[PDB]
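Scroll down for the structure; my scribbles are underneath it.
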Amino acid sequence: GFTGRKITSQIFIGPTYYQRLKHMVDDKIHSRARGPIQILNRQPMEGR
DNA sequence: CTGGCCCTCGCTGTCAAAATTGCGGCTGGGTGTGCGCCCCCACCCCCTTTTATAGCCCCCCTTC
């Protein structure tokens with residue numbers, strides 16, 4: 001695509017049934033810098 | 001005093017059973033949940049009477 005040159009090795013290409021899974025990154029990304037701290041330990045909370 | 005033998009008994013090794021602690025690391029969701037009997041002692045309610053009031057309802061009587 002970038003140069004328009006033929007790729008030397010011929011590629012195996014065709015329709016195939018793909019399916020998207022519920023594990024999306026936006027429901028996983030997580031960060032913290034001095035958030036709330038729990039009662040008993042006065043340590044960081046558990047969970048995103 | 002010295003030596004040979006079998007005995008109750010003291011102690012030990014050995015086997016066995018009961019008792020004991022731990023069983024990977026992170027993570028993300030959601031969803032739920034929070035005595036007991038029988039007796040004894042204080043305190044209060046209903047038993048009863050009165051009367052007005054009226055809607056409601058049980059009971060007995062009467063009809064056909």
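Residues in the structure tokens are numbered from 1 in each chain, the chains being A, B, ... in the order shown, and ligands are numbered from 1 in the order shown.
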Would you kindly report the residues of chain A within 12 Å of chain B, using only C-alpha atoms (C1' of nucleotides), as a VMD selection string?
chain A and resid 22 to 25 27 to 30 46 to 48
Report the distance between CA of residue 32 in chain A and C1' of residue 29 in chain B in Å, rounded to one decimal place.
19.9 Å
Might you pull out every residue within 10 Å of residue 44 in chain A, with only C-alpha atoms (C1' of nucleotides) counted and same-chain residues fewer than 4 positions away left off, and present them as number ranges by chain?
A: 32-39
Same residues, N, CA and C atoms, saved as a PDB file, in the first residue's frame:
ATOM      1  N   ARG A  32      -3.529   5.382  38.661  1.00  0.00           N
ATOM      2  CA  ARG A  32      -3.736   5.915  39.999  1.00  0.00           C
ATOM      3  C   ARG A  32      -2.538   6.760  40.393  1.00  0.00           C
ATOM      4  N   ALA A  33      -2.802   7.823  41.147  1.00  0.00           N
ATOM      5  CA  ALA A  33      -1.753   8.607  41.789  1.00  0.00           C
ATOM      6  C   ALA A  33      -2.376   9.249  43.022  1.00  0.00           C
ATOM      7  N   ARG A  34      -2.182   8.611  44.181  1.00  0.00           N
ATOM      8  CA  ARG A  34      -2.709   9.086  45.458  1.00  0.00           C
ATOM      9  C   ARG A  34      -4.232   9.217  45.404  1.00  0.00           C
ATOM     10  N   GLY A  35      -4.888   8.081  45.224  1.00  0.00           N
ATOM     11  CA  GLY A  35      -6.328   8.001  45.285  1.00  0.00           C
ATOM     12  C   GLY A  35      -6.822   7.773  46.698  1.00  0.00           C
ATOM     13  N   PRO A  36      -8.068   7.337  46.846  1.00  0.00           N
ATOM     14  CA  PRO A  36      -8.591   7.052  48.181  1.00  0.00           C
ATOM     15  C   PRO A  36      -7.968   5.800  48.765  1.00  0.00           C
ATOM     16  N   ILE A  37      -7.871   5.776  50.089  1.00  0.00           N
ATOM     17  CA  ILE A  37      -7.265   4.668  50.811  1.00  0.00           C
ATOM     18  C   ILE A  37      -8.288   4.029  51.735  1.00  0.00           C
ATOM     19  N   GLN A  38      -8.206   2.706  51.858  1.00  0.00           N
ATOM     20  CA  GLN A  38      -9.179   1.930  52.610  1.00  0.00           C
ATOM     21  C   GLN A  38      -9.004   2.149  54.110  1.00  0.00           C
ATOM     22  N   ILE A  39      -9.941   1.610  54.885  1.00  0.00           N
ATOM     23  CA  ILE A  39     -10.025   1.949  56.303  1.00  0.00           C
ATOM     24  C   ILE A  39      -8.977   1.202  57.108  1.00  0.00           C
TER      25      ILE A  39
END
